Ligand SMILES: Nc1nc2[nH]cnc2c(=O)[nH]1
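In structure tokens, one chain follows: the form deposited without the ligand.
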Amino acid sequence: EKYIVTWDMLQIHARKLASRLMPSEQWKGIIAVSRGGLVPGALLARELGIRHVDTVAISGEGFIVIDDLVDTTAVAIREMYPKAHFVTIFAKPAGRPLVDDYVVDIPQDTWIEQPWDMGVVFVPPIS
């Protein structure tokens, strides 16, 4: 098949990650990596109570740097923010040792499709 990620599921995953980052008072802010980190970043911010989310784009103590998935950009993040808490929603075998924390494990060979790249449209019957 194909690893489909719906909004509801992404939200559930993000909420689990949020609870794992408590207490919220220990964080100064959240840095989301465009574009995949934007939505998960906004969710964490809403769950933790952080009013503002900063954004970056690749080619910091107390800050959380978030990205949707880590397959291989992790390096650039580590160089720019050495003291940041790098977290991701999904993680493959290769990138697993790069993030400080993640939520769901997906096989290296899985084609994962994110909710922002999909939509609800008419799907013809199989018959």
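When you see a residue number, it is the position in the sequence shown, counting from 1.
The form deposited with the ligand bound is left out here; the points below concern that form.
Novice: Quick one: does residue 101 come within 4.5 Å of the ligand in the bound PDB entry, counting heavy atoms only?
Specialist: Result no; residue 101 lies far from the ligand in the bound PDB entry.
Novice: May I ask you to check whether residue 71 falls inside a 4.5 Å heavy atom distance of the ligand in the bound PDB entry?
Specialist: Residue 71 belongs to the contact set for the ligand.
Novice: Does residue 25 make contact with the ligand in the bound PDB entry, using a 4.5 Å heavy atom cut-off?
Specialist: Although the ligand is absent here, residue 25 would stay clear of it in the bound PDB entry, with no heavy atoms inside 4.5 Å.
Novice: Mark residue 9 yes when one of its heavy atoms lies within 4.5 Å of a heavy atom of the ligand in the bound PDB entry, and no otherwise.
Specialist: No, residue 9 stays farther than 4.5 Å from the ligand in the bound PDB entry.
Novice: Who in 79 to 93 is close to the ligand in the bound PDB entry, meaning a heavy atom within 4.5 Å?
Specialist: Heavy-atom contacts to the ligand in the bound PDB entry: only 92.
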